[PDB]
Every structure is written in structure tokens, then in C-alpha cells.
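**Student:** So here's protein.cif (mmCIF, N, CA and C atoms).
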```cif
data_input
loop_
_atom_site.group_PDB
_atom_site.id
_atom_site.type_symbol
_atom_site.label_atom_id
_atom_site.label_comp_id
_atom_site.auth_asym_id
_atom_site.auth_seq_id
_atom_site.Cartn_x
_atom_site.Cartn_y
_atom_site.Cartn_z
ATOM 1 N N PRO J 1 53.305 107.667 44.814
ATOM 2 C CA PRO J 1 52.977 109.043 45.217
ATOM 3 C C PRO J 1 54.058 110.066 44.801
ATOM 4 N N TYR J 2 53.710 111.329 44.528
ATOM 5 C CA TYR J 2 52.354 111.879 44.641
ATOM 6 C C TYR J 2 51.524 111.642 43.382
ATOM 7 N N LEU J 3 50.241 111.979 43.461
ATOM 8 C CA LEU J 3 49.244 111.562 42.482
ATOM 9 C C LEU J 3 48.978 112.692 41.498
ATOM 10 N N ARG J 4 49.020 112.372 40.208
ATOM 11 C CA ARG J 4 48.632 113.277 39.137
ATOM 12 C C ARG J 4 47.477 112.660 38.356
ATOM 13 N N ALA J 5 46.853 113.464 37.499
ATOM 14 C CA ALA J 5 45.871 112.951 36.553
ATOM 15 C C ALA J 5 45.833 113.838 35.324
ATOM 16 N N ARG J 6 45.430 113.256 34.194
ATOM 17 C CA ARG J 6 45.187 114.065 33.007
ATOM 18 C C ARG J 6 43.716 114.010 32.611
ATOM 19 N N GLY J 7 43.226 115.122 32.071
ATOM 20 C CA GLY J 7 41.817 115.251 31.748
ATOM 21 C C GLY J 7 41.586 115.624 30.298
ATOM 22 N N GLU J 8 40.527 115.043 29.722
ATOM 23 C CA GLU J 8 40.164 115.347 28.334
ATOM 24 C C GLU J 8 39.577 116.748 28.204
ATOM 25 N N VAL J 9 38.407 116.963 28.809
ATOM 26 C CA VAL J 9 37.692 118.230 28.738
ATOM 27 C C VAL J 9 37.159 118.557 30.124
ATOM 28 N N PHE J 10 37.010 119.851 30.379
ATOM 29 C CA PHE J 10 36.504 120.349 31.648
ATOM 30 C C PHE J 10 35.016 120.614 31.470
ATOM 31 N N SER J 11 34.199 119.680 31.958
ATOM 32 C CA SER J 11 32.771 119.658 31.667
ATOM 33 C C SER J 11 32.064 120.818 32.355
ATOM 34 N N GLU J 12 31.257 121.542 31.591
ATOM 35 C CA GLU J 12 30.445 122.628 32.108
ATOM 36 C C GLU J 12 29.022 122.472 31.598
ATOM 37 N N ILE J 13 28.087 123.109 32.293
ATOM 38 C CA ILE J 13 26.749 123.328 31.764
ATOM 39 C C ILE J 13 26.345 124.770 32.048
ATOM 40 N N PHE J 14 26.132 125.527 30.995
ATOM 41 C CA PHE J 14 25.500 126.830 31.120
ATOM 42 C C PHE J 14 24.016 126.668 30.844
ATOM 43 N N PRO J 15 23.153 126.905 31.834
ATOM 44 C CA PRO J 15 21.734 126.540 31.695
ATOM 45 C C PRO J 15 20.999 127.380 30.659
ATOM 46 N N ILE J 16 20.444 126.693 29.660
ATOM 47 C CA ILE J 16 19.637 127.291 28.602
ATOM 48 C C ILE J 16 18.225 126.732 28.759
ATOM 49 N N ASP J 17 17.224 127.478 28.268
ATOM 50 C CA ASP J 17 15.799 127.116 28.276
ATOM 51 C C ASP J 17 15.306 126.917 29.715
ATOM 52 N N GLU J 18 15.326 128.031 30.447
ATOM 53 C CA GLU J 18 15.156 128.126 31.896
ATOM 54 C C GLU J 18 13.701 127.988 32.376
ATOM 55 N N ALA J 19 12.663 127.576 31.644
ATOM 56 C CA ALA J 19 11.305 127.643 32.184
ATOM 57 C C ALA J 19 11.028 126.513 33.176
ATOM 58 N N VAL J 20 11.088 125.265 32.704
ATOM 59 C CA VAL J 20 10.889 124.111 33.577
ATOM 60 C C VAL J 20 12.053 123.990 34.556
ATOM 61 N N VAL J 21 13.248 124.426 34.138
ATOM 62 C CA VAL J 21 14.402 124.462 35.032
ATOM 63 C C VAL J 21 14.181 125.476 36.154
ATOM 64 N N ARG J 22 13.513 126.593 35.853
ATOM 65 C CA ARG J 22 13.230 127.599 36.874
ATOM 66 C C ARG J 22 12.126 127.135 37.823
ATOM 67 N N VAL J 23 11.145 126.397 37.299
ATOM 68 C CA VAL J 23 10.126 125.798 38.162
ATOM 69 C C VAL J 23 10.756 124.761 39.095
ATOM 70 N N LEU J 24 11.736 124.002 38.595
ATOM 71 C CA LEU J 24 12.463 123.070 39.456
ATOM 72 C C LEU J 24 13.411 123.783 40.417
ATOM 73 N N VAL J 25 13.875 124.987 40.067
ATOM 74 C CA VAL J 25 14.596 125.828 41.027
ATOM 75 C C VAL J 25 13.684 126.215 42.186
ATOM 76 N N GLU J 26 12.443 126.616 41.872
ATOM 77 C CA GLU J 26 11.444 126.905 42.905
ATOM 78 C C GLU J 26 11.170 125.679 43.777
ATOM 79 N N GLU J 27 11.013 124.514 43.140
ATOM 80 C CA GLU J 27 10.733 123.283 43.874
ATOM 81 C C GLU J 27 11.908 122.847 44.743
ATOM 82 N N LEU J 28 13.142 123.006 44.264
ATOM 83 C CA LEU J 28 14.272 122.555 45.061
ATOM 84 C C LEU J 28 14.606 123.553 46.165
ATOM 85 N N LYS J 29 14.276 124.835 45.972
ATOM 86 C CA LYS J 29 14.338 125.787 47.078
ATOM 87 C C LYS J 29 13.314 125.437 48.154
ATOM 88 N N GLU J 30 12.111 125.008 47.742
ATOM 89 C CA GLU J 30 11.120 124.496 48.694
ATOM 90 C C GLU J 30 11.621 123.250 49.423
ATOM 91 N N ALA J 31 12.299 122.355 48.700
ATOM 92 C CA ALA J 31 12.795 121.118 49.299
ATOM 93 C C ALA J 31 13.916 121.385 50.301
ATOM 94 N N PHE J 32 14.842 122.287 49.960
ATOM 95 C CA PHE J 32 15.866 122.711 50.913
ATOM 96 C C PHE J 32 15.265 123.449 52.104
ATOM 97 N N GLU J 33 14.173 124.193 51.890
ATOM 98 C CA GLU J 33 13.509 124.871 52.999
ATOM 99 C C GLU J 33 12.854 123.867 53.940
ATOM 100 N N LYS J 34 12.344 122.763 53.393
ATOM 101 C CA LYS J 34 11.781 121.710 54.230
ATOM 102 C C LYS J 34 12.849 120.832 54.871
ATOM 103 N N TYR J 35 14.067 120.831 54.334
ATOM 104 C CA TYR J 35 15.141 120.013 54.884
ATOM 105 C C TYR J 35 16.050 120.754 55.870
ATOM 106 N N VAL J 36 16.116 122.087 55.798
ATOM 107 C CA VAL J 36 17.251 122.842 56.337
ATOM 108 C C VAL J 36 17.317 122.845 57.876
ATOM 109 N N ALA J 37 16.182 122.785 58.570
ATOM 110 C CA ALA J 37 16.159 123.030 60.009
ATOM 111 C C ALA J 37 16.220 121.766 60.860
ATOM 112 N N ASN J 38 16.529 120.605 60.276
ATOM 113 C CA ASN J 38 16.564 119.357 61.038
ATOM 114 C C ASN J 38 17.746 119.252 61.998
ATOM 115 N N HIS J 39 18.773 120.083 61.851
ATOM 116 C CA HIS J 39 20.030 119.891 62.561
ATOM 117 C C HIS J 39 20.184 120.874 63.711
ATOM 118 N N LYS J 40 19.058 121.195 64.373
ATOM 119 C CA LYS J 40 19.040 122.097 65.529
ATOM 120 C C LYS J 40 20.012 121.646 66.610
ATOM 121 N N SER J 41 19.922 120.381 67.008
ATOM 122 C CA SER J 41 20.928 119.769 67.859
ATOM 123 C C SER J 41 22.070 119.149 67.067
ATOM 124 N N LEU J 42 21.935 119.023 65.746
ATOM 125 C CA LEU J 42 22.946 118.357 64.936
ATOM 126 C C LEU J 42 23.811 119.334 64.156
ATOM 127 N N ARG J 43 23.852 120.595 64.586
ATOM 128 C CA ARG J 43 24.947 121.527 64.305
ATOM 129 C C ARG J 43 25.057 121.897 62.828
ATOM 130 N N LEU J 44 23.940 122.308 62.242
ATOM 131 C CA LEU J 44 23.966 123.033 60.983
ATOM 132 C C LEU J 44 23.036 124.239 61.086
ATOM 133 N N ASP J 45 23.431 125.330 60.436
ATOM 134 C CA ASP J 45 22.782 126.624 60.605
ATOM 135 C C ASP J 45 21.494 126.716 59.793
ATOM 136 N N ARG J 46 20.467 127.335 60.391
ATOM 137 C CA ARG J 46 19.337 127.829 59.610
ATOM 138 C C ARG J 46 19.794 128.848 58.578
ATOM 139 N N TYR J 47 20.704 129.738 58.978
ATOM 140 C CA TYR J 47 21.037 130.959 58.255
ATOM 141 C C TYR J 47 22.023 130.743 57.110
ATOM 142 N N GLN J 48 22.239 129.501 56.687
ATOM 143 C CA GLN J 48 22.969 129.196 55.467
ATOM 144 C C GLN J 48 22.043 129.069 54.265
ATOM 145 N N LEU J 49 20.744 129.300 54.467
ATOM 146 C CA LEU J 49 19.826 129.508 53.354
ATOM 147 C C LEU J 49 20.049 130.869 52.706
ATOM 148 N N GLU U 1 13.498 138.278 89.177
ATOM 149 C CA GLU U 1 13.776 139.492 88.428
ATOM 150 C C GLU U 1 15.229 139.931 88.537
ATOM 151 N N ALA U 2 16.084 139.122 89.162
ATOM 152 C CA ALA U 2 17.497 139.469 89.236
ATOM 153 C C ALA U 2 18.291 138.831 88.103
ATOM 154 N N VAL U 3 17.642 138.017 87.273
ATOM 155 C CA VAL U 3 18.347 137.321 86.203
ATOM 156 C C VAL U 3 17.796 137.735 84.848
ATOM 157 N N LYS U 4 17.012 138.803 84.814
ATOM 158 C CA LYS U 4 16.339 139.227 83.593
ATOM 159 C C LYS U 4 17.051 140.432 82.993
ATOM 160 N N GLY U 5 17.230 140.403 81.676
ATOM 161 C CA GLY U 5 18.169 141.272 81.006
ATOM 162 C C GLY U 5 19.483 140.545 80.792
ATOM 163 N N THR U 6 19.420 139.315 80.277
ATOM 164 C CA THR U 6 20.550 138.388 80.259
ATOM 165 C C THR U 6 20.974 138.073 78.828
ATOM 166 N N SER U 7 22.271 138.215 78.550
ATOM 167 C CA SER U 7 22.862 137.811 77.280
ATOM 168 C C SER U 7 23.734 136.571 77.401
ATOM 169 N N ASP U 8 24.532 136.472 78.464
ATOM 170 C CA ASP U 8 25.468 135.361 78.659
ATOM 171 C C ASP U 8 24.705 134.063 78.902
ATOM 172 N N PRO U 9 24.866 133.040 78.054
ATOM 173 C CA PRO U 9 24.085 131.811 78.226
ATOM 174 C C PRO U 9 24.725 130.809 79.171
ATOM 175 N N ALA U 10 25.982 131.035 79.546
ATOM 176 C CA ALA U 10 26.641 130.129 80.481
ATOM 177 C C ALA U 10 26.110 130.323 81.892
ATOM 178 N N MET U 11 26.126 131.573 82.363
ATOM 179 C CA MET U 11 25.551 131.886 83.664
ATOM 180 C C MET U 11 24.049 131.668 83.653
ATOM 181 N N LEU U 12 23.405 131.930 82.510
ATOM 182 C CA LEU U 12 21.989 131.612 82.320
ATOM 183 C C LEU U 12 21.719 130.125 82.531
ATOM 184 N N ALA U 13 22.486 129.267 81.850
ATOM 185 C CA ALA U 13 22.256 127.827 81.902
ATOM 186 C C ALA U 13 22.540 127.263 83.288
ATOM 187 N N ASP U 14 23.653 127.665 83.893
ATOM 188 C CA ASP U 14 23.979 127.113 85.202
ATOM 189 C C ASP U 14 23.153 127.737 86.323
ATOM 190 N N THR U 15 22.739 128.999 86.174
ATOM 191 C CA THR U 15 21.830 129.621 87.125
ATOM 192 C C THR U 15 20.483 128.920 87.114
ATOM 193 N N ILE U 16 19.966 128.635 85.914
ATOM 194 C CA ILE U 16 18.732 127.870 85.781
ATOM 195 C C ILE U 16 18.890 126.480 86.378
ATOM 196 N N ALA U 17 20.030 125.831 86.124
ATOM 197 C CA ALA U 17 20.205 124.446 86.548
ATOM 198 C C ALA U 17 20.337 124.323 88.060
ATOM 199 N N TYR U 18 21.051 125.252 88.702
ATOM 200 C CA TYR U 18 21.056 125.265 90.161
ATOM 201 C C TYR U 18 19.707 125.683 90.711
ATOM 202 N N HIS U 19 19.025 126.583 90.026
ATOM 203 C CA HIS U 19 17.696 126.975 90.441
ATOM 204 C C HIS U 19 16.633 126.017 89.923
ATOM 205 N N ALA U 20 17.040 124.974 89.186
ATOM 206 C CA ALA U 20 16.225 123.778 88.946
ATOM 207 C C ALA U 20 16.651 122.739 89.971
ATOM 208 N N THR U 21 16.159 122.910 91.189
ATOM 209 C CA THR U 21 16.602 122.110 92.320
ATOM 210 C C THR U 21 16.060 120.691 92.202
ATOM 211 N N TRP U 22 16.964 119.721 92.207
ATOM 212 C CA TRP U 22 16.640 118.326 91.951
ATOM 213 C C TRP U 22 17.403 117.470 92.948
ATOM 214 N N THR U 23 17.480 116.176 92.643
ATOM 215 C CA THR U 23 18.499 115.316 93.220
ATOM 216 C C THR U 23 19.815 115.525 92.489
ATOM 217 N N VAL U 24 20.895 115.529 93.266
ATOM 218 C CA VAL U 24 22.175 116.089 92.853
ATOM 219 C C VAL U 24 22.877 115.217 91.820
ATOM 220 N N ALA U 25 22.492 113.940 91.734
ATOM 221 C CA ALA U 25 22.969 113.071 90.665
ATOM 222 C C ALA U 25 22.609 113.634 89.302
ATOM 223 N N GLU U 26 21.384 114.101 89.153
ATOM 224 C CA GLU U 26 21.004 114.649 87.870
ATOM 225 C C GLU U 26 21.457 116.093 87.708
ATOM 226 N N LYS U 27 21.800 116.779 88.805
ATOM 227 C CA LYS U 27 22.581 118.008 88.688
ATOM 228 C C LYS U 27 23.917 117.734 88.022
ATOM 229 N N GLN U 28 24.577 116.650 88.431
ATOM 230 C CA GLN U 28 25.816 116.259 87.774
ATOM 231 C C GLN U 28 25.576 115.858 86.328
ATOM 232 N N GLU U 29 24.470 115.163 86.063
ATOM 233 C CA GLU U 29 24.138 114.776 84.692
ATOM 234 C C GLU U 29 23.902 115.986 83.798
ATOM 235 N N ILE U 30 23.389 117.073 84.364
ATOM 236 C CA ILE U 30 23.379 118.350 83.658
ATOM 237 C C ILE U 30 24.804 118.853 83.454
ATOM 238 N N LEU U 31 25.645 118.723 84.483
ATOM 239 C CA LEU U 31 27.018 119.213 84.407
ATOM 240 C C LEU U 31 27.887 118.406 83.443
ATOM 241 N N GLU U 32 27.449 117.210 83.038
ATOM 242 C CA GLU U 32 28.268 116.335 82.201
ATOM 243 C C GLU U 32 28.504 116.933 80.825
ATOM 244 N N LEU U 33 27.429 117.361 80.168
ATOM 245 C CA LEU U 33 27.508 117.816 78.790
ATOM 246 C C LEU U 33 28.295 119.112 78.694
ATOM 247 N N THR U 34 29.195 119.176 77.720
ATOM 248 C CA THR U 34 29.885 120.416 77.423
ATOM 249 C C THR U 34 29.080 121.302 76.489
ATOM 250 N N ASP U 35 28.254 120.704 75.634
ATOM 251 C CA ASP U 35 27.380 121.425 74.720
ATOM 252 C C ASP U 35 26.320 122.197 75.496
ATOM 253 N N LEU U 36 25.922 123.344 74.952
ATOM 254 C CA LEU U 36 24.872 124.134 75.578
ATOM 255 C C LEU U 36 23.496 123.574 75.241
ATOM 256 N N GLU U 37 23.266 123.248 73.966
ATOM 257 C CA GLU U 37 21.915 122.951 73.495
ATOM 258 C C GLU U 37 21.428 121.580 73.958
ATOM 259 N N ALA U 38 22.323 120.593 74.012
ATOM 260 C CA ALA U 38 21.930 119.293 74.549
ATOM 261 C C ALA U 38 21.708 119.368 76.056
ATOM 262 N N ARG U 39 22.482 120.215 76.738
ATOM 263 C CA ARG U 39 22.274 120.429 78.166
ATOM 264 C C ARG U 39 20.936 121.106 78.427
ATOM 265 N N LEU U 40 20.542 122.036 77.560
ATOM 266 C CA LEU U 40 19.251 122.695 77.736
ATOM 267 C C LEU U 40 18.099 121.806 77.279
ATOM 268 N N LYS U 41 18.377 120.841 76.396
ATOM 269 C CA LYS U 41 17.426 119.761 76.136
ATOM 270 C C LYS U 41 17.131 118.983 77.414
ATOM 271 N N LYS U 42 18.199 118.586 78.122
ATOM 272 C CA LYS U 42 18.087 117.957 79.443
ATOM 273 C C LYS U 42 17.287 118.818 80.421
ATOM 274 N N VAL U 43 17.667 120.096 80.531
ATOM 275 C CA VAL U 43 17.078 121.015 81.505
ATOM 276 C C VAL U 43 15.591 121.215 81.243
ATOM 277 N N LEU U 44 15.234 121.568 80.008
ATOM 278 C CA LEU U 44 13.847 121.907 79.722
ATOM 279 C C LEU U 44 12.962 120.663 79.717
ATOM 280 N N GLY U 45 13.524 119.487 79.399
ATOM 281 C CA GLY U 45 12.770 118.255 79.586
ATOM 282 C C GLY U 45 12.445 117.985 81.044
ATOM 283 N N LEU U 46 13.438 118.169 81.926
ATOM 284 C CA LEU U 46 13.197 118.099 83.368
ATOM 285 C C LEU U 46 12.122 119.076 83.824
ATOM 286 N N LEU U 47 12.185 120.317 83.350
ATOM 287 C CA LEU U 47 11.272 121.323 83.873
ATOM 288 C C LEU U 47 9.857 121.102 83.361
ATOM 289 N N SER U 48 9.728 120.617 82.125
ATOM 290 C CA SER U 48 8.429 120.190 81.623
ATOM 291 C C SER U 48 7.871 119.036 82.442
ATOM 292 N N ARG U 49 8.740 118.113 82.857
ATOM 293 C CA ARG U 49 8.295 117.023 83.717
ATOM 294 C C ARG U 49 7.808 117.546 85.066
ATOM 295 N N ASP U 50 8.485 118.558 85.602
ATOM 296 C CA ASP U 50 8.054 119.140 86.871
ATOM 297 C C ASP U 50 6.699 119.835 86.736
#
```
Please render this file's structure as C-alpha cells.
**Tutor:**
Amino acid sequence: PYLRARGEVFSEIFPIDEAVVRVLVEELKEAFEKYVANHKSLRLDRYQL
Amino acid sequence: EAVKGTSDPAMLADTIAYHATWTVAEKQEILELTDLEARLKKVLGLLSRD
């Protein structure tokens, strides 16, 4: 200790060709909307949507 | 009508719980939880049973 590391490249993705990706954005927003409210007693906010 | 117009949930919860007159063991069981929402789970389940 202490711990270091070396890295080759800093991986990024800038999203190109957004049509099917945008439809999956709609679908995953729907999925998060169906998932978000389960923690009423389990202490996560509705309002973090 | 003396408890209506209420924002504070602590006096709300304990006022309801004392005014949810039961056997005192389960009054203590209401008093056990420090959380508000699990305590009101207890309370409203009792009142639905009544």
C-alpha cells in the first residue's frame, strides 16, 4: 500500500445513430418507471426520477 | 376536529397511536420502532383490522 494503477486508454462512447437507441431510451425510462417505487418502506425516493 | 390542520408527523403518529386504544403490549410494539413509516404500517394494519 498505497495502491496505484496505469491505464492504456480512457474508454468513452459518444452515442451515434440514435434511432433504435432512442427507442431503447424510451423503453428503459419505462422500465425505471416500473421499478422506481418499490422502496416505499425500503428508503429510496420516488423523486429521483 | 382538534387534530386537523396537522403538519408534524410525530405528534400525529403518537396521537393516533394513543387514540388507537388497544392492549398496551401492542402500544409498546408501536413504540418500539424508531422509523415513522414502518410504525404507521403497524398502526394502519391494526386499524384496518379493527
**Student:** Quick check: residues of chain U within 10 Å of chain J, only C-alpha atoms, returned as a ChimeraX atom specification.
**Tutor:** /U:35-38,41
**Student:** Apply DSSP to the structure's backbone, then extract all residues of chain J labelled helix (DSSP H, G or I) and return them as a PDB file with N, CA and C atoms, in the frame of the given file.
**Tutor:**
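Output file result-v8.pdb follows:
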```
ATOM      1  N   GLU J  18      15.326 128.031  30.447  1.00  0.00           N
ATOM      2  CA  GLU J  18      15.156 128.126  31.896  1.00  0.00           C
ATOM      3  C   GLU J  18      13.701 127.988  32.376  1.00  0.00           C
ATOM      4  N   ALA J  19      12.663 127.576  31.644  1.00  0.00           N
ATOM      5  CA  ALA J  19      11.305 127.643  32.184  1.00  0.00           C
ATOM      6  C   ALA J  19      11.028 126.513  33.176  1.00  0.00           C
ATOM      7  N   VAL J  20      11.088 125.265  32.704  1.00  0.00           N
ATOM      8  CA  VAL J  20      10.889 124.111  33.577  1.00  0.00           C
ATOM      9  C   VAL J  20      12.053 123.990  34.556  1.00  0.00           C
ATOM     10  N   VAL J  21      13.248 124.426  34.138  1.00  0.00           N
ATOM     11  CA  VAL J  21      14.402 124.462  35.032  1.00  0.00           C
ATOM     12  C   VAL J  21      14.181 125.476  36.154  1.00  0.00           C
ATOM     13  N   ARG J  22      13.513 126.593  35.853  1.00  0.00           N
ATOM     14  CA  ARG J  22      13.230 127.599  36.874  1.00  0.00           C
ATOM     15  C   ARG J  22      12.126 127.135  37.823  1.00  0.00           C
ATOM     16  N   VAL J  23      11.145 126.397  37.299  1.00  0.00           N
ATOM     17  CA  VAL J  23      10.126 125.798  38.162  1.00  0.00           C
ATOM     18  C   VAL J  23      10.756 124.761  39.095  1.00  0.00           C
ATOM     19  N   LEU J  24      11.736 124.002  38.595  1.00  0.00           N
ATOM     20  CA  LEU J  24      12.463 123.070  39.456  1.00  0.00           C
ATOM     21  C   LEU J  24      13.411 123.783  40.417  1.00  0.00           C
ATOM     22  N   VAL J  25      13.875 124.987  40.067  1.00  0.00           N
ATOM     23  CA  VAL J  25      14.596 125.828  41.027  1.00  0.00           C
ATOM     24  C   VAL J  25      13.684 126.215  42.186  1.00  0.00           C
ATOM     25  N   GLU J  26      12.443 126.616  41.872  1.00  0.00           N
ATOM     26  CA  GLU J  26      11.444 126.905  42.905  1.00  0.00           C
ATOM     27  C   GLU J  26      11.170 125.679  43.777  1.00  0.00           C
ATOM     28  N   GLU J  27      11.013 124.514  43.140  1.00  0.00           N
ATOM     29  CA  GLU J  27      10.733 123.283  43.874  1.00  0.00           C
ATOM     30  C   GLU J  27      11.908 122.847  44.743  1.00  0.00           C
ATOM     31  N   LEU J  28      13.142 123.006  44.264  1.00  0.00           N
ATOM     32  CA  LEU J  28      14.272 122.555  45.061  1.00  0.00           C
ATOM     33  C   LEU J  28      14.606 123.553  46.165  1.00  0.00           C
ATOM     34  N   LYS J  29      14.276 124.835  45.972  1.00  0.00           N
ATOM     35  CA  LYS J  29      14.338 125.787  47.078  1.00  0.00           C
ATOM     36  C   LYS J  29      13.314 125.437  48.154  1.00  0.00           C
ATOM     37  N   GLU J  30      12.111 125.008  47.742  1.00  0.00           N
ATOM     38  CA  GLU J  30      11.120 124.496  48.694  1.00  0.00           C
ATOM     39  C   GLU J  30      11.621 123.250  49.423  1.00  0.00           C
ATOM     40  N   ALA J  31      12.299 122.355  48.700  1.00  0.00           N
ATOM     41  CA  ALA J  31      12.795 121.118  49.299  1.00  0.00           C
ATOM     42  C   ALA J  31      13.916 121.385  50.301  1.00  0.00           C
ATOM     43  N   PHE J  32      14.842 122.287  49.960  1.00  0.00           N
ATOM     44  CA  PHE J  32      15.866 122.711  50.913  1.00  0.00           C
ATOM     45  C   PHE J  32      15.265 123.449  52.104  1.00  0.00           C
ATOM     46  N   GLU J  33      14.173 124.193  51.890  1.00  0.00           N
ATOM     47  CA  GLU J  33      13.509 124.871  52.999  1.00  0.00           C
ATOM     48  C   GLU J  33      12.854 123.867  53.940  1.00  0.00           C
ATOM     49  N   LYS J  34      12.344 122.763  53.393  1.00  0.00           N
ATOM     50  CA  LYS J  34      11.781 121.710  54.230  1.00  0.00           C
ATOM     51  C   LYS J  34      12.849 120.832  54.871  1.00  0.00           C
ATOM     52  N   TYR J  35      14.067 120.831  54.334  1.00  0.00           N
ATOM     53  CA  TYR J  35      15.141 120.013  54.884  1.00  0.00           C
ATOM     54  C   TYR J  35      16.050 120.754  55.870  1.00  0.00           C
ATOM     55  N   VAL J  36      16.116 122.087  55.798  1.00  0.00           N
ATOM     56  CA  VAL J  36      17.251 122.842  56.337  1.00  0.00           C
ATOM     57  C   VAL J  36      17.317 122.845  57.876  1.00  0.00           C
ATOM     58  N   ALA J  37      16.182 122.785  58.570  1.00  0.00           N
ATOM     59  CA  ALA J  37      16.159 123.030  60.009  1.00  0.00           C
ATOM     60  C   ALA J  37      16.220 121.766  60.860  1.00  0.00           C
ATOM     61  N   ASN J  38      16.529 120.605  60.276  1.00  0.00           N
ATOM     62  CA  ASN J  38      16.564 119.357  61.038  1.00  0.00           C
ATOM     63  C   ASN J  38      17.746 119.252  61.998  1.00  0.00           C
ATOM     64  N   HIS J  39      18.773 120.083  61.851  1.00  0.00           N
ATOM     65  CA  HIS J  39      20.030 119.891  62.561  1.00  0.00           C
ATOM     66  C   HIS J  39      20.184 120.874  63.711  1.00  0.00           C
ATOM     67  N   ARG J  46      20.467 127.335  60.391  1.00  0.00           N
ATOM     68  CA  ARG J  46      19.337 127.829  59.610  1.00  0.00           C
ATOM     69  C   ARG J  46      19.794 128.848  58.578  1.00  0.00           C
ATOM     70  N   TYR J  47      20.704 129.738  58.978  1.00  0.00           N
ATOM     71  CA  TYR J  47      21.037 130.959  58.255  1.00  0.00           C
ATOM     72  C   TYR J  47      22.023 130.743  57.110  1.00  0.00           C
ATOM     73  N   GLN J  48      22.239 129.501  56.687  1.00  0.00           N
ATOM     74  CA  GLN J  48      22.969 129.196  55.467  1.00  0.00           C
ATOM     75  C   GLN J  48      22.043 129.069  54.265  1.00  0.00           C
TER      76      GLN J  48
END
```
**Student:** When you draw a straight line from atom C of residue 28 of chain U to atom N of residue 47 of chain U, how long is it in Å?
**Tutor:** 14.4 Å
**Student:** Can you tell me how far atom CA of residue 42 of chain U sits from atom CA of residue 1 of chain U, in Å to one decimal?
**Tutor:**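 Distance reported for this atom pair: 23.7 Å.
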**Student:** Set the distance at 12 Å and use only C-alpha atoms: which residues neighbour residue 17 of chain U once local chain neighbours fewer than 5 positions away are removed? I'd like the list as a list in words.
**Tutor:**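 Residues near the query, excluding close chain neighbours: residues 9, 10, 11, 12, 22, 23, 24, 26, 27, 28, 29, 30, 31, 36, 39, 40, 41, 42, 43, 44, 45, 46 and 47 of chain U.
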**Student:** Would you compute the distance between atom CA of residue 48 of chain U and atom CA of residue 18 of chain U? Give it in Å to one decimal.
**Tutor:**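 Here the two named atoms are 16.1 Å from each other.
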**Student:** Need to verify the contact set: residue 49 of chain J, 8 Å, only N, CA and C atoms, exclusion of same-chain residues closer than 2 positions in sequence. Can you return it as a PyMOL selection string?
**Tutor:** chain J and resi 32-33+36+45-47
**Student:** Using the file's own x, y and z axes, what box holds all listed atoms of segment 12-20 of chain U with 5 Å on each side, keeping edges along x, y and z, and what are its centre and edge lengths in Å to one decimal, as AutoDock Vina command-line options?
**Tutor:**
```
--center_x 20.1 --center_y 127.3 --center_z 86.3 --size_x 17.8 --size_y 19.2 --size_z 18.9
```
**Student:** Output segment 1-46 of chain U from the block with C-alpha atoms, as a PDB file, in the first residue's frame?
**Tutor:**
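Output (result_18.pdb):
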```pdb
ATOM      1  CA  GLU U   1     -61.505  18.118  14.833  1.00  0.00           C
ATOM      2  CA  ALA U   2     -58.789  19.162  17.290  1.00  0.00           C
ATOM      3  CA  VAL U   3     -56.057  17.337  15.356  1.00  0.00           C
ATOM      4  CA  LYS U   4     -56.922  18.581  11.866  1.00  0.00           C
ATOM      5  CA  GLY U   5     -54.628  21.055  10.181  1.00  0.00           C
ATOM      6  CA  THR U   6     -51.560  18.969  11.063  1.00  0.00           C
ATOM      7  CA  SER U   7     -48.022  19.067   9.639  1.00  0.00           C
ATOM      8  CA  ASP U   8     -45.918  17.468  12.416  1.00  0.00           C
ATOM      9  CA  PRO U   9     -45.982  13.669  11.896  1.00  0.00           C
ATOM     10  CA  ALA U  10     -44.540  12.796  15.303  1.00  0.00           C
ATOM     11  CA  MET U  11     -47.450  14.179  17.311  1.00  0.00           C
ATOM     12  CA  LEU U  12     -49.695  12.894  14.504  1.00  0.00           C
ATOM     13  CA  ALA U  13     -48.331   9.341  14.808  1.00  0.00           C
ATOM     14  CA  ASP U  14     -48.339   9.160  18.595  1.00  0.00           C
ATOM     15  CA  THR U  15     -51.698  10.956  18.899  1.00  0.00           C
ATOM     16  CA  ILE U  16     -53.191   8.388  16.523  1.00  0.00           C
ATOM     17  CA  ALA U  17     -51.491   5.530  18.373  1.00  0.00           C
ATOM     18  CA  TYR U  18     -52.760   6.569  21.803  1.00  0.00           C
ATOM     19  CA  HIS U  19     -56.126   7.250  20.221  1.00  0.00           C
ATOM     20  CA  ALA U  20     -55.828   3.761  18.685  1.00  0.00           C
ATOM     21  CA  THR U  21     -56.760   2.281  22.039  1.00  0.00           C
ATOM     22  CA  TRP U  22     -55.611  -1.336  22.278  1.00  0.00           C
ATOM     23  CA  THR U  23     -53.938  -3.685  24.688  1.00  0.00           C
ATOM     24  CA  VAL U  24     -50.880  -1.895  25.987  1.00  0.00           C
ATOM     25  CA  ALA U  25     -48.395  -4.568  24.887  1.00  0.00           C
ATOM     26  CA  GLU U  26     -49.052  -3.625  21.303  1.00  0.00           C
ATOM     27  CA  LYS U  27     -48.968   0.047  22.276  1.00  0.00           C
ATOM     28  CA  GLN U  28     -45.384  -0.708  23.252  1.00  0.00           C
ATOM     29  CA  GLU U  29     -44.903  -2.618  19.991  1.00  0.00           C
ATOM     30  CA  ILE U  30     -45.913   0.586  18.222  1.00  0.00           C
ATOM     31  CA  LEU U  31     -43.456   2.455  20.463  1.00  0.00           C
ATOM     32  CA  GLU U  32     -40.616   0.048  19.541  1.00  0.00           C
ATOM     33  CA  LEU U  33     -39.941   1.238  16.002  1.00  0.00           C
ATOM     34  CA  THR U  34     -37.927   4.405  15.557  1.00  0.00           C
ATOM     35  CA  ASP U  35     -38.939   4.647  11.880  1.00  0.00           C
ATOM     36  CA  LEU U  36     -42.125   6.529  11.061  1.00  0.00           C
ATOM     37  CA  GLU U  37     -43.277   4.544   8.024  1.00  0.00           C
ATOM     38  CA  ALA U  38     -42.878   1.046   9.473  1.00  0.00           C
ATOM     39  CA  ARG U  39     -44.650   2.245  12.622  1.00  0.00           C
ATOM     40  CA  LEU U  40     -47.523   3.552  10.502  1.00  0.00           C
ATOM     41  CA  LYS U  41     -47.534   0.213   8.670  1.00  0.00           C
ATOM     42  CA  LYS U  42     -48.163  -1.316  12.119  1.00  0.00           C
ATOM     43  CA  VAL U  43     -50.775   1.333  13.002  1.00  0.00           C
ATOM     44  CA  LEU U  44     -52.817   1.258   9.803  1.00  0.00           C
ATOM     45  CA  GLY U  45     -52.746  -2.549   9.700  1.00  0.00           C
ATOM     46  CA  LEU U  46     -54.210  -2.564  13.217  1.00  0.00           C
TER      47      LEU U  46
END
```
